[PDB]
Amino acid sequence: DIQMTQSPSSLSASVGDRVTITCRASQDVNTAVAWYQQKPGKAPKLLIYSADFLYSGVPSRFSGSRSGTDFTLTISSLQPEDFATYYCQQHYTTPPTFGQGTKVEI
């Protein structure tokens, strides 16, 4: 039902750069948006829940923000190990739906 539109589909950046990824929901999802990091060969890992809460353990350079139906993930200072695909997801209603993913290359 709820479509999550992620942009961009991929980007390239250098170690130390700030990067921002945007996610737009097709309907109200309140605060309930999560962000996952998936490194090649690895399981997705939760970074952010409820738009802006940092999952315990996750580096503080990762932050989430929300303006209405618009959601952003920012990595404030890209590290070598942050090369991954990032996904947004609404956890408001069933089914939980994911963005198409944004591949971040260094």
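From 1 onward, residues are counted along the sequence shown.
Mean CA temperature factor is higher for 68-76 when stretches 44-52 and 68-76 are set side by side in the entry. Sort the modelled residues of the chain by CA B factor and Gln3 lands in the highest third. Among the modelled residues of its chain, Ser63 has a C-alpha B-factor that falls in the middle third, as given in the PDB entry. Split the chain's modelled residues into thirds by C-alpha temperature factor. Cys88 is in the lowest one. Sort the modelled residues of the chain by CA B factor and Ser9 lands in the middle third. Ranked within its chain, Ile21 lands in the lowest third, by CA B factor from the PDB record.
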